[PDB]
Amino acid sequence: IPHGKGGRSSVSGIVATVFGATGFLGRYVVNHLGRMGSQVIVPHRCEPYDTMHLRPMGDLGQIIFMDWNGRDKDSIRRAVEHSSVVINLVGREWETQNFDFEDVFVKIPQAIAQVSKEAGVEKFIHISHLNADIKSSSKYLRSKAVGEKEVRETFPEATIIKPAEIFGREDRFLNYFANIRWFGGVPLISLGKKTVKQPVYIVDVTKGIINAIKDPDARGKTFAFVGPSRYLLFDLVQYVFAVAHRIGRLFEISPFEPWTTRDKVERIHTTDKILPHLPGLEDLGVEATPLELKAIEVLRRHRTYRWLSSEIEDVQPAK
Amino acid sequence: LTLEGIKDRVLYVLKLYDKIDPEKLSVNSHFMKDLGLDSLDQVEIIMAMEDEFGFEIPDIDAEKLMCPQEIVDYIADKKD
Amino acid sequence: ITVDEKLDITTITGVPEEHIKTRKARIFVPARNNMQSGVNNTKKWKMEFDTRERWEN
Amino acid sequence: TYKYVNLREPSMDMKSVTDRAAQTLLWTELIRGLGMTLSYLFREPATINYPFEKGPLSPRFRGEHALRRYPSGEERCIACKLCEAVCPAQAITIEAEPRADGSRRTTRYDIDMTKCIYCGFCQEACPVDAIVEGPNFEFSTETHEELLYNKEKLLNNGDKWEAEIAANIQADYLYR
Amino acid sequence: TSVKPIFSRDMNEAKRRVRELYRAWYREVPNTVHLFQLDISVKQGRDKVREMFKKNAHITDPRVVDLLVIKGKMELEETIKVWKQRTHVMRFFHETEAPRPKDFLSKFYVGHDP
Amino acid sequence: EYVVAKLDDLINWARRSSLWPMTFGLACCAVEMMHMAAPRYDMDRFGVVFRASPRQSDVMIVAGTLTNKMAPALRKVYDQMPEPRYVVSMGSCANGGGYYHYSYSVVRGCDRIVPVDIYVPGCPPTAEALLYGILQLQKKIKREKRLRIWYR
Amino acid sequence: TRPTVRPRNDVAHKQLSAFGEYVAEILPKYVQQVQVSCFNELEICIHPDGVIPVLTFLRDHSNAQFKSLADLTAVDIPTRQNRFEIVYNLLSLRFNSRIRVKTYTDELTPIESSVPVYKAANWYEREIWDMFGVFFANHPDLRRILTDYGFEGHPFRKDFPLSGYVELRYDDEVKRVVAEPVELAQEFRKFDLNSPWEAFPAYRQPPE
Ligand SMILES: NC(=O)c1ccc[n+]([C@@H]2O[C@H](COP(=O)([O-])OP(=O)(O)OC[C@H]3O[C@@H](n4cnc5c(N)ncnc54)[C@H](OP(=O)(O)O)[C@@H]3O)[C@@H](O)[C@H]2O)c1
Ligand code: SF4
Ligand code: SF4
Ligand code: SF4
């Protein structure tokens, strides 16, 4: 039962759990539950010290850590037994040399869609992506739209989420560009046609969850996440060079965490804007955020001072 | 140093702000027995005619202007 | 000397925040705890405000 | 009264001024001390070789806390709510509630070990003479979730050595 | 009330004053916005200044309107110089703090008796 | 296969055996830090050489009381330190603030500002439960950089 | 009575009656009350007008030197209807004595700086502007000392709840150290010590 005011050292009655919640997204959600009060049980896989930069997030005795593997059907059953809502961000990019990647969107999201359903969680949640379509594409982008089919079977109440290409602070989406000091910028694939997607700013997505986290009355009913206006141009790859003015790694260095001459190059140009009829955002709102204004912050390079940026974009068309 | 110098500069500025005056660019506009705004707002208008065209109005001047007549004129006898 | 008489009811503004108009103070003579007979805890008109929620941590 | 320091005048005669010109130009001073008073290294070093040897103390020392009990144990604390009320820092927290027989004792007793400023005001207000600052600097754990103490951490920490404590007070209690 | 006023006399020289230092703020928001290496839309910096000066509007008196100034006249010392390190400034625009409901029925489900 | 887990008997024995602590003097607690580097209990030459510049350090140390105006300074300094960094608070005022914990101008606790690791408890910790608090931090590297590359 | 009770001394109490008799004699435009603290110290109740004036008389003379300014301070009393108070405190090096000068005020009424009389009220006047809010005019400089750059409350007066209104905490969501309203982990218990029976008869307040 909620008490007092939402500042910190308060209650607000919801427990949670957030699986994953180390890399870019999960760190940035829990930080919004280390404020309005919670009990956020964040487990994590292998990382003893990479989770510390998190701890000054909940006040005291709020967030609490466990250890788990995730192919053991017990490790997901020992935590969740006491919970209210449980969201799931788990999963990643490239196929691991260990995890074969095929069912880690299939077996894992179900492996935690095991006793969670049984044990009496509620308002269980999962992630989708705006561009994943069960027609043939894309080797990584596929197996994600299987969860929308395969996993939705279990837990008839989900409110599974479908956002766009997101740009954060430390994010890897818009940062693959501008790391491209290289033989030259070569768009994908050397064509200025279908860029770009709906680049929503990471706050609005992470403010969506906690707006549905007790919504009420969204369960089973899936939503998708609007971008800003409107579609976008090729200039986005020029815009990068317009302003830029041209966990558990190792001790020394790794062996392979590449640019992946594979799905990576073709996952970024898959575009496929999709069904509007999903509610999907202002209903869960109220949030929408632009690009032109919020892309200076995340981009700071070797001038570090000059900006003087006047150049904008129409939409662009198909708009 | 022309009366086409100081009537051209003035009359577009007052249009350029996003606030009240809608083409009252007639040179008399008498401000709040006339069109009307908050006193602090009238004190905004004074500044942009100085950074432009070069000028000061240090003094009780800006309190008496009340019309693009006087400002033009007080500029008129000022520069030339 | 600039004596410049005038009358404006003294008030002051901006130092606290929203607690100016939200609350109601109270001016009352303390009542003497009755378990003992000592009459010296009276005699000063204090003031004390409304009480808002204390919760549990 | 007074004294006057740095009030002197040079003598100004050629028996002296050589003695001050045999000084500037030949460095006859400035090698006096630090040609010498430095070495003077030949004294035995003074070091307490730490992991083994240790240094002095006194029976009145202050440190980690305890709660004694008499012979066969009564949990000497009666919960009279004093060592709580003289505490400057306000670390102490006490909640009594009548124990089954009807003799009163505690339930929660928590000394925060960060706030405690080490007075010696909670050793000296307890009339039944329970709570006692131990003489062991065993400390330093790695999580602030810890140093807060409960009751049933203290008693052990005060029954781990009572051969230390029970032999200090009987040196010290004759003074106060 | 008989006590010597501070600077102003009645309301005019006073309300010449508040008009005045406005510009020292209005002319200098942005030189900082490149100086601290803080990134915002420079027009924000001109909204807040005009958001504050409109705030305390109901003031009926001299020696109040002079009092507030003596605060306001100061800040231009620190800010136009660097005595703050990015984090004494940006605190004006509160980024992290979750919203307050301020409406009715949004309260009634969270928090007791405000 | 097994070479990795034998390699971390080197790199996880190197980082624990040479520390370059920064210190913050602020308040009373600074003097009972000095006497750790005075010859009685001799801090250096037991493997830990004393203060260096902000850039070259590993373990920063917070003594003293952290008011409002000092917070904007610390946060910044903690960053610039290289990777293998830790934060070891000490004294009853970096743990929740000694007393002054109810004051207006003292931050309450200095865990709130940074991800602090080890604690020590009391106006001045006795220049002993300091070193005892480090021989926690040289024993708090049992961790392995194996089993991040080499499991997942 | 002798063994444990502080033995008094009369001589010191005769003169500081005299020498203070007549500084109500030669500056009656200003001084409105004077008295002798039972411990042989003086308190001169002075209107707020003379501050620069009276000291200047105390600044030099052959019968009262009072060159050494020791302690400026303040006290803030509600239900005095003019809130604050000043207390100057001055030592006269030749004549071995302390004479303190009390001058009341309000927040709004300014008081005039003592800075040209003594150059050691330079700091002690910068401070008070921070804490209580008194505003000293014509002061070569007025700024913020002892306090952070954020405190808009002027603490030491009696309306500031001890813990200030904003705790501080650092979060990594961006890169600053930012300020969220104060949320404690313990109530700060309020004890209640004031015992009845009025143990002091001599100070007995008027009968009413
Ligand atoms: N919504 C979007 O815009 C978007 C964009 C790209 C990708 N995604 C997908 O949506 C989620 C966003 O992830 P992200 O942005 O935080 O990047 P991320 O690097 O994939 O973060 C995932 C974290 O969880 C770990 N992890 C990987 N597989 C795991 C597993 N089976 N079980 C437990 N932990 C696992 C990862 O390594 P460790 O095991 O060592 O912790 C990593 O620490 C991911 O599922 C991602 O594949 C979403
Ligand atoms: S020890 Fe003395 S003070 Fe502490 S609780 Fe028992 S009785 Fe009360
Ligand atoms: S030890 Fe010092 S501080 Fe801790 S309680 Fe006893 S007196 Fe109060
Ligand atoms: S007690 Fe508080 S102040 Fe005295 S040293 Fe330890 S921390 Fe610094």
# chains A, B, ... in the order shown; residues from 1 in each chain; ligands from 1
>>> closest_atom_pairs(of="chain F", to="ligand 4", cutoff="12 Å", atoms="only C-alpha atoms and all ligand atoms", output="tab-separated table")
residue	atom	partner	partner_atom_place_in_ligand_line	distance
F:24	CA	ligand 4	8 (Fe)	10.9
F:25	CA	ligand 4	8 (Fe)	9.1
F:26	CA	ligand 4	8 (Fe)	7.3
F:27	CA	ligand 4	8 (Fe)	4.4
F:28	CA	ligand 4	5 (S)	3.6
F:29	CA	ligand 4	5 (S)	3.6
F:30	CA	ligand 4	5 (S)	7.1
F:31	CA	ligand 4	5 (S)	8.3
F:32	CA	ligand 4	5 (S)	8.2
F:33	CA	ligand 4	5 (S)	9.9
F:62	CA	ligand 4	7 (S)	9.6
F:63	CA	ligand 4	8 (Fe)	6.4
F:64	CA	ligand 4	8 (Fe)	4.0
F:65	CA	ligand 4	8 (Fe)	5.9
F:66	CA	ligand 4	8 (Fe)	9.7
F:89	CA	ligand 4	7 (S)	10.2
F:90	CA	ligand 4	7 (S)	7.6
F:91	CA	ligand 4	6 (Fe)	4.4
F:92	CA	ligand 4	7 (S)	4.9
F:93	CA	ligand 4	7 (S)	4.2
F:94	CA	ligand 4	7 (S)	6.9
F:95	CA	ligand 4	7 (S)	9.0
F:96	CA	ligand 4	2 (Fe)	10.1
F:97	CA	ligand 4	2 (Fe)	7.0
F:98	CA	ligand 4	2 (Fe)	4.9
F:99	CA	ligand 4	2 (Fe)	6.9
F:100	CA	ligand 4	2 (Fe)	8.5
F:101	CA	ligand 4	2 (Fe)	10.2
F:106	CA	ligand 4	2 (Fe)	11.7
F:109	CA	ligand 4	7 (S)	11.2
F:110	CA	ligand 4	7 (S)	11.9
F:120	CA	ligand 4	6 (Fe)	9.9
F:121	CA	ligand 4	6 (Fe)	8.4
F:122	CA	ligand 4	6 (Fe)	5.9
F:123	CA	ligand 4	6 (Fe)	3.2
F:124	CA	ligand 4	6 (Fe)	4.2
F:125	CA	ligand 4	6 (Fe)	6.9
F:126	CA	ligand 4	6 (Fe)	9.7
F:127	CA	ligand 4	6 (Fe)	11.2
F:130	CA	ligand 4	6 (Fe)	11.9
>>> write_last_selection(atoms="C-alpha atoms", output="short mmCIF file (atom, residue, chain, number, x, y, z; two decimals), in the first residue's frame")
data_model
loop_
_atom_site.label_atom_id
_atom_site.label_comp_id
_atom_site.auth_asym_id
_atom_site.auth_seq_id
_atom_site.Cartn_x
_atom_site.Cartn_y
_atom_site.Cartn_z
CA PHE F 24 41.04 13.12 1.52
CA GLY F 25 41.95 15.16 4.48
CA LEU F 26 39.04 17.00 5.56
CA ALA F 27 38.22 16.66 9.22
CA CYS F 28 39.50 15.16 12.44
CA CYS F 29 39.99 11.80 10.80
CA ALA F 30 42.89 13.03 8.77
CA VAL F 31 45.34 13.01 11.65
CA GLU F 32 44.73 9.35 12.46
CA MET F 33 45.48 8.74 8.87
CA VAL F 62 37.17 9.52 2.20
CA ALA F 63 37.82 10.89 5.64
CA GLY F 64 35.98 13.69 7.21
CA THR F 65 32.62 15.31 6.70
CA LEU F 66 31.08 15.99 3.28
CA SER F 89 35.16 5.24 3.32
CA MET F 90 36.33 5.62 6.89
CA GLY F 91 35.29 7.34 10.01
CA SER F 92 31.90 7.64 11.49
CA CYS F 93 31.14 10.59 9.20
CA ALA F 94 31.40 8.87 5.84
CA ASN F 95 28.99 6.20 6.97
CA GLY F 96 25.87 8.20 7.58
CA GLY F 97 27.51 11.20 9.02
CA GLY F 98 28.81 10.87 12.54
CA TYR F 99 26.71 13.39 14.05
CA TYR F 100 25.73 16.34 11.86
CA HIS F 101 23.52 13.68 10.35
CA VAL F 106 25.78 18.06 5.55
CA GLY F 109 26.21 9.57 4.15
CA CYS F 110 28.63 9.63 1.20
CA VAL F 120 35.08 1.59 9.02
CA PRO F 121 33.28 2.77 12.17
CA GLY F 122 34.27 5.43 14.65
CA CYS F 123 35.51 8.96 15.39
CA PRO F 124 38.81 8.43 14.63
CA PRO F 125 39.03 4.76 13.84
CA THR F 126 41.90 3.89 15.99
CA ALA F 127 44.60 3.89 13.27
CA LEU F 130 42.09 1.23 9.44
#
>>> select_by_dssp(residues="stretch 62-152 of chain A", states="helix (DSSP H, G or I)", output="MDAnalysis selection string")
chainID A and resid 75:79 107:111 116:119 144:150
>>> write_last_selection(atoms="N, CA and C atoms", output="mmCIF file, in the first residue's frame")
data_model
loop_
_atom_site.group_PDB
_atom_site.id
_atom_site.type_symbol
_atom_site.label_atom_id
_atom_site.label_comp_id
_atom_site.auth_asym_id
_atom_site.auth_seq_id
_atom_site.Cartn_x
_atom_site.Cartn_y
_atom_site.Cartn_z
ATOM 1 N N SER A 75 16.962 -21.482 -10.703
ATOM 2 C CA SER A 75 17.448 -20.128 -10.461
ATOM 3 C C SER A 75 16.395 -19.066 -10.722
ATOM 4 N N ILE A 76 15.493 -19.292 -11.673
ATOM 5 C CA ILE A 76 14.391 -18.359 -11.852
ATOM 6 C C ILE A 76 13.254 -18.644 -10.895
ATOM 7 N N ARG A 77 13.259 -19.792 -10.228
ATOM 8 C CA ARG A 77 12.186 -20.094 -9.297
ATOM 9 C C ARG A 77 12.484 -19.708 -7.870
ATOM 10 N N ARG A 78 13.742 -19.427 -7.538
ATOM 11 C CA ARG A 78 14.062 -19.088 -6.157
ATOM 12 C C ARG A 78 13.770 -17.633 -5.849
ATOM 13 N N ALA A 79 14.014 -16.752 -6.808
ATOM 14 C CA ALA A 79 13.734 -15.344 -6.602
ATOM 15 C C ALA A 79 12.241 -15.067 -6.669
ATOM 16 N N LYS A 107 13.779 -20.232 -25.506
ATOM 17 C CA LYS A 107 13.807 -20.999 -24.269
ATOM 18 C C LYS A 107 13.993 -20.123 -23.036
ATOM 19 N N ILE A 108 14.885 -19.137 -23.085
ATOM 20 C CA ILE A 108 15.119 -18.259 -21.942
ATOM 21 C C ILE A 108 13.848 -17.488 -21.601
ATOM 22 N N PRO A 109 13.281 -16.656 -22.486
ATOM 23 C CA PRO A 109 12.056 -15.949 -22.104
ATOM 24 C C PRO A 109 10.931 -16.870 -21.717
ATOM 25 N N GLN A 110 10.957 -18.116 -22.160
ATOM 26 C CA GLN A 110 10.037 -19.075 -21.582
ATOM 27 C C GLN A 110 10.554 -19.650 -20.273
ATOM 28 N N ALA A 111 11.858 -19.920 -20.184
ATOM 29 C CA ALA A 111 12.397 -20.448 -18.940
ATOM 30 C C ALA A 111 12.055 -19.557 -17.760
ATOM 31 N N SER A 116 7.074 -18.438 -12.935
ATOM 32 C CA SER A 116 6.505 -17.097 -12.850
ATOM 33 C C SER A 116 5.009 -17.120 -13.121
ATOM 34 N N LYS A 117 4.603 -17.697 -14.253
ATOM 35 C CA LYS A 117 3.180 -17.922 -14.486
ATOM 36 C C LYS A 117 2.574 -18.754 -13.368
ATOM 37 N N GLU A 118 3.181 -19.902 -13.083
ATOM 38 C CA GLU A 118 2.716 -20.769 -12.009
ATOM 39 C C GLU A 118 2.622 -20.028 -10.681
ATOM 40 N N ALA A 119 3.737 -19.455 -10.225
ATOM 41 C CA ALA A 119 3.867 -19.048 -8.829
ATOM 42 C C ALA A 119 2.996 -17.863 -8.460
ATOM 43 N N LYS A 144 13.174 -13.271 -32.659
ATOM 44 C CA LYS A 144 12.563 -12.291 -31.778
ATOM 45 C C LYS A 144 11.058 -12.221 -31.990
ATOM 46 N N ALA A 145 10.622 -12.255 -33.253
ATOM 47 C CA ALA A 145 9.200 -12.305 -33.556
ATOM 48 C C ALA A 145 8.613 -13.679 -33.287
ATOM 49 N N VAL A 146 9.457 -14.656 -32.960
ATOM 50 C CA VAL A 146 8.967 -15.949 -32.503
ATOM 51 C C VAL A 146 8.407 -15.837 -31.093
ATOM 52 N N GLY A 147 9.106 -15.105 -30.219
ATOM 53 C CA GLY A 147 8.614 -14.855 -28.877
ATOM 54 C C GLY A 147 7.239 -14.227 -28.842
ATOM 55 N N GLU A 148 6.984 -13.247 -29.709
ATOM 56 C CA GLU A 148 5.643 -12.708 -29.875
ATOM 57 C C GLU A 148 4.623 -13.780 -30.207
ATOM 58 N N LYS A 149 5.017 -14.789 -30.976
ATOM 59 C CA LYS A 149 4.157 -15.924 -31.272
ATOM 60 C C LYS A 149 4.312 -17.018 -30.225
ATOM 61 N N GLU A 150 5.494 -17.633 -30.158
ATOM 62 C CA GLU A 150 5.729 -18.789 -29.304
ATOM 63 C C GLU A 150 5.434 -18.523 -27.840
#
>>> residues_around(residues="residue C:25", least_positions_apart="2", cutoff="8 Å", atoms="only C-alpha atoms", output="number ranges by chain")
C: 23, 27, 47-50
>>> write_last_selection(atoms="N, CA, C and O atoms", output="PDB file, in the first residue's frame")
ATOM      1  N   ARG C  23      -0.488  25.529   5.283  1.00  0.00           N
ATOM      2  CA  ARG C  23      -0.657  25.095   6.657  1.00  0.00           C
ATOM      3  C   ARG C  23      -1.442  26.083   7.493  1.00  0.00           C
ATOM      4  O   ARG C  23      -1.748  27.197   7.075  1.00  0.00           O
ATOM      5  N   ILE C  27      -1.796  28.948  18.227  1.00  0.00           N
ATOM      6  CA  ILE C  27      -1.226  29.669  19.358  1.00  0.00           C
ATOM      7  C   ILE C  27      -2.013  29.351  20.617  1.00  0.00           C
ATOM      8  O   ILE C  27      -3.181  29.729  20.737  1.00  0.00           O
ATOM      9  N   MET C  47       3.824  28.544  19.950  1.00  0.00           N
ATOM     10  CA  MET C  47       3.035  28.068  18.831  1.00  0.00           C
ATOM     11  C   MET C  47       3.658  26.846  18.190  1.00  0.00           C
ATOM     12  O   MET C  47       4.870  26.661  18.183  1.00  0.00           O
ATOM     13  N   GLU C  48       2.793  26.053  17.581  1.00  0.00           N
ATOM     14  CA  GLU C  48       3.166  24.772  17.024  1.00  0.00           C
ATOM     15  C   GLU C  48       2.201  24.459  15.904  1.00  0.00           C
ATOM     16  O   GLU C  48       1.031  24.842  15.962  1.00  0.00           O
ATOM     17  N   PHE C  49       2.685  23.745  14.898  1.00  0.00           N
ATOM     18  CA  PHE C  49       1.930  23.626  13.666  1.00  0.00           C
ATOM     19  C   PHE C  49       1.088  22.364  13.620  1.00  0.00           C
ATOM     20  O   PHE C  49       1.008  21.591  14.572  1.00  0.00           O
ATOM     21  N   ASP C  50       0.441  22.173  12.483  1.00  0.00           N
ATOM     22  CA  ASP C  50      -0.286  20.956  12.197  1.00  0.00           C
ATOM     23  C   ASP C  50       0.686  19.799  12.041  1.00  0.00           C
ATOM     24  O   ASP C  50       1.878  19.991  11.807  1.00  0.00           O
TER      25      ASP C  50
END
>>> interface_residues(of="chain G", to="chain F", cutoff="6 Å", atoms="only C-alpha atoms", output="ChimeraX atom specification")
/G:148,162-164,167-170,177
>>> residues_near_ligand(ligand="ligand 3", cutoff="8 Å", atoms="only C-alpha atoms and all ligand atoms", output="ChimeraX atom specification")
/D:83-84,86-92,111-113,115-123,133
>>> write_last_selection(atoms="N, CA, C and O atoms", output="PDB file, in the first residue's frame")
ATOM      1  N   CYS D  83      21.283   4.737  29.167  1.00  0.00           N
ATOM      2  CA  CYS D  83      22.344   4.744  28.199  1.00  0.00           C
ATOM      3  C   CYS D  83      21.814   5.171  26.880  1.00  0.00           C
ATOM      4  O   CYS D  83      22.590   5.463  25.982  1.00  0.00           O
ATOM      5  N   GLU D  84      20.508   5.162  26.730  1.00  0.00           N
ATOM      6  CA  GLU D  84      19.896   5.762  25.572  1.00  0.00           C
ATOM      7  C   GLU D  84      19.791   7.272  25.677  1.00  0.00           C
ATOM      8  O   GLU D  84      19.993   7.964  24.678  1.00  0.00           O
ATOM      9  N   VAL D  86      21.422   9.676  27.552  1.00  0.00           N
ATOM     10  CA  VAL D  86      22.594  10.539  27.612  1.00  0.00           C
ATOM     11  C   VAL D  86      23.420  10.498  26.362  1.00  0.00           C
ATOM     12  O   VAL D  86      24.492  11.103  26.335  1.00  0.00           O
ATOM     13  N   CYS D  87      23.006   9.787  25.365  1.00  0.00           N
ATOM     14  CA  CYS D  87      23.862   9.545  24.247  1.00  0.00           C
ATOM     15  C   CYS D  87      23.930  10.794  23.403  1.00  0.00           C
ATOM     16  O   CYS D  87      22.893  11.216  22.911  1.00  0.00           O
ATOM     17  N   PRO D  88      25.086  11.449  23.244  1.00  0.00           N
ATOM     18  CA  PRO D  88      25.114  12.641  22.389  1.00  0.00           C
ATOM     19  C   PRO D  88      24.739  12.356  20.961  1.00  0.00           C
ATOM     20  O   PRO D  88      23.899  13.051  20.389  1.00  0.00           O
ATOM     21  N   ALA D  89      25.337  11.360  20.363  1.00  0.00           N
ATOM     22  CA  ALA D  89      25.106  11.121  18.962  1.00  0.00           C
ATOM     23  C   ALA D  89      23.729  10.589  18.676  1.00  0.00           C
ATOM     24  O   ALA D  89      23.263  10.729  17.554  1.00  0.00           O
ATOM     25  N   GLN D  90      23.070  10.001  19.671  1.00  0.00           N
ATOM     26  CA  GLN D  90      21.784   9.288  19.572  1.00  0.00           C
ATOM     27  C   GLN D  90      21.888   7.991  18.792  1.00  0.00           C
ATOM     28  O   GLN D  90      20.986   7.615  18.066  1.00  0.00           O
ATOM     29  N   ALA D  91      22.979   7.299  18.966  1.00  0.00           N
ATOM     30  CA  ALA D  91      23.030   6.010  18.331  1.00  0.00           C
ATOM     31  C   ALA D  91      22.027   5.046  18.922  1.00  0.00           C
ATOM     32  O   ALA D  91      21.181   4.535  18.198  1.00  0.00           O
ATOM     33  N   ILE D  92      22.063   4.834  20.237  1.00  0.00           N
ATOM     34  CA  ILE D  92      21.310   3.780  20.909  1.00  0.00           C
ATOM     35  C   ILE D  92      19.840   3.759  20.529  1.00  0.00           C
ATOM     36  O   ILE D  92      19.239   4.805  20.292  1.00  0.00           O
ATOM     37  N   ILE D 111      23.084  -0.574  18.647  1.00  0.00           N
ATOM     38  CA  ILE D 111      24.046   0.512  18.620  1.00  0.00           C
ATOM     39  C   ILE D 111      24.492   0.658  17.191  1.00  0.00           C
ATOM     40  O   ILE D 111      25.030  -0.288  16.624  1.00  0.00           O
ATOM     41  N   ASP D 112      24.255   1.808  16.591  1.00  0.00           N
ATOM     42  CA  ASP D 112      24.872   2.034  15.309  1.00  0.00           C
ATOM     43  C   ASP D 112      26.331   2.284  15.565  1.00  0.00           C
ATOM     44  O   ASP D 112      26.694   2.899  16.554  1.00  0.00           O
ATOM     45  N   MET D 113      27.181   1.702  14.749  1.00  0.00           N
ATOM     46  CA  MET D 113      28.603   1.832  14.974  1.00  0.00           C
ATOM     47  C   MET D 113      29.244   2.856  14.075  1.00  0.00           C
ATOM     48  O   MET D 113      30.457   3.059  14.138  1.00  0.00           O
ATOM     49  N   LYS D 115      27.458   6.052  13.872  1.00  0.00           N
ATOM     50  CA  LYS D 115      27.152   7.285  14.568  1.00  0.00           C
ATOM     51  C   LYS D 115      27.884   7.398  15.885  1.00  0.00           C
ATOM     52  O   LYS D 115      28.296   8.486  16.255  1.00  0.00           O
ATOM     53  N   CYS D 116      28.048   6.320  16.598  1.00  0.00           N
ATOM     54  CA  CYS D 116      28.642   6.402  17.905  1.00  0.00           C
ATOM     55  C   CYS D 116      29.937   7.136  17.840  1.00  0.00           C
ATOM     56  O   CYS D 116      30.829   6.764  17.095  1.00  0.00           O
ATOM     57  N   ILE D 117      30.036   8.187  18.647  1.00  0.00           N
ATOM     58  CA  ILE D 117      31.176   9.073  18.640  1.00  0.00           C
ATOM     59  C   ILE D 117      32.222   8.686  19.667  1.00  0.00           C
ATOM     60  O   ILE D 117      33.181   9.428  19.868  1.00  0.00           O
ATOM     61  N   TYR D 118      32.051   7.556  20.346  1.00  0.00           N
ATOM     62  CA  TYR D 118      32.917   7.092  21.422  1.00  0.00           C
ATOM     63  C   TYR D 118      33.078   8.133  22.508  1.00  0.00           C
ATOM     64  O   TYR D 118      34.145   8.686  22.720  1.00  0.00           O
ATOM     65  N   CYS D 119      31.979   8.356  23.214  1.00  0.00           N
ATOM     66  CA  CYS D 119      32.033   9.210  24.379  1.00  0.00           C
ATOM     67  C   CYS D 119      32.699   8.486  25.523  1.00  0.00           C
ATOM     68  O   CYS D 119      33.875   8.698  25.800  1.00  0.00           O
ATOM     69  N   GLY D 120      32.008   7.523  26.082  1.00  0.00           N
ATOM     70  CA  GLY D 120      32.233   7.168  27.451  1.00  0.00           C
ATOM     71  C   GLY D 120      31.138   7.853  28.215  1.00  0.00           C
ATOM     72  O   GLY D 120      31.260   8.094  29.406  1.00  0.00           O
ATOM     73  N   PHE D 121      30.078   8.238  27.534  1.00  0.00           N
ATOM     74  CA  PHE D 121      28.872   8.548  28.264  1.00  0.00           C
ATOM     75  C   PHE D 121      27.928   7.368  28.412  1.00  0.00           C
ATOM     76  O   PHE D 121      27.001   7.459  29.199  1.00  0.00           O
ATOM     77  N   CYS D 122      28.079   6.288  27.662  1.00  0.00           N
ATOM     78  CA  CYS D 122      27.177   5.176  27.907  1.00  0.00           C
ATOM     79  C   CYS D 122      27.810   4.111  28.749  1.00  0.00           C
ATOM     80  O   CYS D 122      27.174   3.113  29.042  1.00  0.00           O
ATOM     81  N   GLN D 123      29.068   4.247  29.079  1.00  0.00           N
ATOM     82  CA  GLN D 123      29.655   3.345  30.046  1.00  0.00           C
ATOM     83  C   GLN D 123      29.369   3.806  31.445  1.00  0.00           C
ATOM     84  O   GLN D 123      29.434   2.998  32.362  1.00  0.00           O
ATOM     85  N   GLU D 133      32.255  -0.577  27.166  1.00  0.00           N
ATOM     86  CA  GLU D 133      33.063  -0.465  25.973  1.00  0.00           C
ATOM     87  C   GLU D 133      34.241  -1.423  26.097  1.00  0.00           C
ATOM     88  O   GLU D 133      35.013  -1.352  27.051  1.00  0.00           O
TER      89      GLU D 133
END
>>> residues_near_ligand(ligand="ligand 2", cutoff="10 Å", atoms="only C-alpha atoms and all ligand atoms", output="JSON, numbers by chain")
{"D": [67, 68, 75, 76, 77, 78, 79, 80, 81, 82, 83, 84, 85, 86, 92, 93, 94, 95, 96, 105, 106, 109, 122, 123, 124, 125, 126, 127, 128, 129, 130, 131, 132]}
>>> interface_residues(of="chain C", to="chain E", cutoff="12 Å", atoms="only C-alpha atoms", output="ChimeraX atom specification")
/C:1-15,17,19,22-23,50-55
>>> closest_residue(among="G:129, G:203, G:57, G:197", to="chain E", atoms="only C-alpha atoms")
G:129
>>> closest_atom_pairs(of="chain D", to="chain F", cutoff="10 Å", atoms="only C-alpha atoms", output="tab-separated table")
residue	atom	partner	partner_atom	distance
D:45	CA	F:39	CA	9.2
D:46	CA	F:39	CA	7.3
D:47	CA	F:40	CA	5.2
D:48	CA	F:40	CA	5.5
D:49	CA	F:41	CA	7.5
D:50	CA	F:41	CA	6.2
D:51	CA	F:41	CA	9.4
D:54	CA	F:41	CA	9.2
D:55	CA	F:40	CA	8.8
D:62	CA	F:126	CA	9.8
D:63	CA	F:126	CA	8.7
D:64	CA	F:122	CA	9.8
D:88	CA	F:99	CA	8.5
D:89	CA	F:99	CA	5.6
D:90	CA	F:99	CA	8.5
D:91	CA	F:99	CA	9.3
D:112	CA	F:121	CA	9.0
D:113	CA	F:121	CA	5.5
D:114	CA	F:92	CA	4.3
D:115	CA	F:98	CA	4.4
D:116	CA	F:122	CA	6.6
D:117	CA	F:123	CA	5.4
D:118	CA	F:123	CA	6.8
D:119	CA	F:123	CA	9.6
D:136	CA	F:129	CA	9.9
D:137	CA	F:129	CA	6.1
D:138	CA	F:129	CA	6.7
D:139	CA	F:129	CA	5.6
D:140	CA	F:133	CA	4.4
D:141	CA	F:119	CA	6.2
D:142	CA	F:118	CA	3.7
D:143	CA	F:118	CA	5.4
D:144	CA	F:119	CA	5.8
D:145	CA	F:119	CA	9.4
D:146	CA	F:119	CA	9.1
D:147	CA	F:121	CA	7.3
D:148	CA	F:121	CA	9.8
